[PDB]
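Below is one structure, written out as structure tokens; the observations come after it.
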Amino acid sequence: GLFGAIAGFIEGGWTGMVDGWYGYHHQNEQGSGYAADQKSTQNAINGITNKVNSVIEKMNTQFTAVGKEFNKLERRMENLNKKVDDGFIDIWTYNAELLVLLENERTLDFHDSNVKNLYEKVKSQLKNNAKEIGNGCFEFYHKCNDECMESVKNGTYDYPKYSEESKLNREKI
Amino acid sequence: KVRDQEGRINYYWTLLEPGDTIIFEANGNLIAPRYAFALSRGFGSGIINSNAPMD
């Protein structure tokens with residue numbers, strides 16, 4: 001957890017959100033239910049598919065062969081033959097398996113970013129209209145219907161409208 | 001005695017390029033070529049030992 005969100009202050013992956021990789025769960029008067037985020041998800045699927053396509057499709061393989069038979073009296077060359085194969089099977093094995101872990105931890109310290117990336121947009125959208133619970137959620141200081149909720153997820157959340165009601169309940173607390 | 005034989009037929013093969021004439025000359029012990037072949041080169045292959053079926 002580099003960015004500190006994945007297995008960080010958000011300790012649980014939501015088994016219920018299957019539309020995407022990132023989303024929100026809202027709880028208000030009208031009800032509850034998960035909802036996944038496409039701006040964050042799709043930027044990640046497309047980039048990762050390409051990151052997979054990257055390492056796959058840069059191994060250019062020429063039409064060649066390996067199997068060579070040597071007479072018993074060219075053993076030094078028959079030994080040389082193997083050295084040329086083992087050296088590649090040395091290299092292409094080492095370099096690959098080290099690249100896997102890398103673009104594994106590089107792929108785990110990407111999703112941790114976007115989760116953290118998402119948080120500091122919703123947190124920088126209300127900014128005092130909700131007090132942060134710390135486990136990866138918010139408690140709105142005001143009644144927020146599904147039309148208000150949907151603006152928080154989109155990105156056009158209205159701060160001035162629900163600001164007057166925020167100070168009257170934040171004063172309560 | 002290899003394969004019920006104390007004799008030996010050492011074989012040989014040569015490639016003849018176009019515009020080149022090969023000459024055989026002998027007075028005995030020559031295993032004459034009867035069937036030759038004309039081929040076009042496929043560079044970059046080998047031979048795989050295998051009992052696997054064909055499909």
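To be explicit about the labels: the chains of the structure tokens are called A, B, and onward in the order shown, and within each one the residues are counted from 1, while ligands get numbers from 1 in the order they are shown.
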Give me, as CSV, each residue of chain B that comes within 10 Å of chain A, together with its shortest interatomic pair and the distance in Å at one decimal, counting only C-alpha atoms, with rows ordered by chain and rising residue number.
```
residue,atom,partner,partner_atom,distance
B:43,CA,A:64,CA,9.1
B:44,CA,A:64,CA,5.5
B:45,CA,A:65,CA,5.5
B:46,CA,A:67,CA,6.1
B:47,CA,A:67,CA,6.5
B:48,CA,A:67,CA,6.6
B:49,CA,A:67,CA,8.9
```
Preceding selection exported with C-alpha atoms as a PDB file, in the first residue's frame:
```
ATOM      1  CA  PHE B  43      17.405 -21.547 -45.052  1.00  0.00           C
ATOM      2  CA  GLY B  44      16.709 -21.571 -41.333  1.00  0.00           C
ATOM      3  CA  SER B  45      15.236 -24.883 -40.211  1.00  0.00           C
ATOM      4  CA  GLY B  46      16.216 -28.193 -38.663  1.00  0.00           C
ATOM      5  CA  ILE B  47      14.971 -31.670 -37.752  1.00  0.00           C
ATOM      6  CA  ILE B  48      12.790 -32.556 -34.743  1.00  0.00           C
ATOM      7  CA  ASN B  49      12.954 -36.082 -33.374  1.00  0.00           C
TER       8      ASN B  49
END
```
12 Å contact set for residue A:120, only C-alpha atoms, chain neighbours under 6 positions out, as JSON, numbers by chain: {"A": [3, 5, 113, 114, 126, 127, 132, 136, 137]}
Could you save the residues just selected, with C-alpha atoms, as a CSV table (one decimal), in the first residue's frame?
```csv
chain,number,residue,atom,x,y,z
A,3,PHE,CA,-0.4,5.5,-1.5
A,5,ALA,CA,-5.5,3.4,0.5
A,113,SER,CA,-3.1,5.7,-6.4
A,114,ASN,CA,-6.5,5.9,-8.1
A,126,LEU,CA,-17.3,19.0,0.3
A,127,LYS,CA,-14.3,20.3,2.4
A,132,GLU,CA,-14.4,12.2,7.4
A,136,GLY,CA,-12.9,5.5,3.7
A,137,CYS,CA,-16.3,7.2,4.0
```
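Looking only at stretch 90-153 of chain A, the set that DSSP places in strand (DSSP E) from backbone geometry is residues 130, 131, 132, 138, 139 and 140 of chain A.
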Quick one: pull the distance between atom CA of residue A:125 and atom CA of residue A:157, Å, one decimal.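 Going from atom CA of residue A:125 over to atom CA of residue A:157, I get 6.8 Å.
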Shell around residue B:13 at 12 Å using only C-alpha atoms, local window under 2 positions removed, as an mmCIF file with N, CA, C and O atoms, in the first residue's frame:
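Produced file part28.cif, reproduced below:
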```cif
data_model
loop_
_atom_site.group_PDB
_atom_site.id
_atom_site.type_symbol
_atom_site.label_atom_id
_atom_site.label_comp_id
_atom_site.auth_asym_id
_atom_site.auth_seq_id
_atom_site.Cartn_x
_atom_site.Cartn_y
_atom_site.Cartn_z
ATOM 1 N N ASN B 10 31.396 -46.625 -48.288
ATOM 2 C CA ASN B 10 31.464 -45.233 -47.872
ATOM 3 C C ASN B 10 30.751 -44.363 -48.905
ATOM 4 O O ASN B 10 31.138 -44.341 -50.079
ATOM 5 N N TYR B 11 29.707 -43.661 -48.470
ATOM 6 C CA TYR B 11 28.898 -42.831 -49.353
ATOM 7 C C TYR B 11 29.454 -41.413 -49.420
ATOM 8 O O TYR B 11 30.194 -40.964 -48.542
ATOM 9 N N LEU B 15 26.886 -31.151 -54.183
ATOM 10 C CA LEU B 15 25.937 -30.281 -54.863
ATOM 11 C C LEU B 15 26.600 -29.702 -56.105
ATOM 12 O O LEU B 15 27.741 -29.234 -56.047
ATOM 13 N N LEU B 16 25.888 -29.751 -57.226
ATOM 14 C CA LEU B 16 26.368 -29.228 -58.496
ATOM 15 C C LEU B 16 25.600 -27.948 -58.810
ATOM 16 O O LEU B 16 24.370 -27.973 -58.918
ATOM 17 N N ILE B 22 29.685 -31.867 -63.507
ATOM 18 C CA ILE B 22 30.364 -32.858 -62.684
ATOM 19 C C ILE B 22 30.769 -34.022 -63.577
ATOM 20 O O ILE B 22 30.104 -34.333 -64.571
ATOM 21 N N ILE B 31 29.765 -46.959 -56.679
ATOM 22 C CA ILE B 31 28.324 -47.122 -56.523
ATOM 23 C C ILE B 31 27.685 -45.976 -57.296
ATOM 24 O O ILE B 31 27.649 -44.840 -56.825
ATOM 25 N N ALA B 32 27.181 -46.274 -58.486
ATOM 26 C CA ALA B 32 26.804 -45.221 -59.417
ATOM 27 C C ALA B 32 25.554 -44.490 -58.935
ATOM 28 O O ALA B 32 24.634 -45.114 -58.396
ATOM 29 N N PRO B 33 25.494 -43.167 -59.113
ATOM 30 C CA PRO B 33 24.248 -42.444 -58.831
ATOM 31 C C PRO B 33 23.218 -42.737 -59.909
ATOM 32 O O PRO B 33 23.503 -42.617 -61.102
ATOM 33 N N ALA B 36 19.155 -38.466 -58.900
ATOM 34 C CA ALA B 36 19.558 -37.194 -58.336
ATOM 35 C C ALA B 36 18.317 -36.344 -58.076
ATOM 36 O O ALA B 36 17.190 -36.717 -58.413
ATOM 37 N N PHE B 37 18.530 -35.185 -57.466
ATOM 38 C CA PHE B 37 17.439 -34.312 -57.066
ATOM 39 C C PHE B 37 17.816 -32.869 -57.354
ATOM 40 O O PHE B 37 18.977 -32.483 -57.196
#
```
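Among A:162, A:34, A:88, A:9, the residue with the shortest atom-to-atom distance to residue A:135, counting only C-alpha atoms, is A:9.
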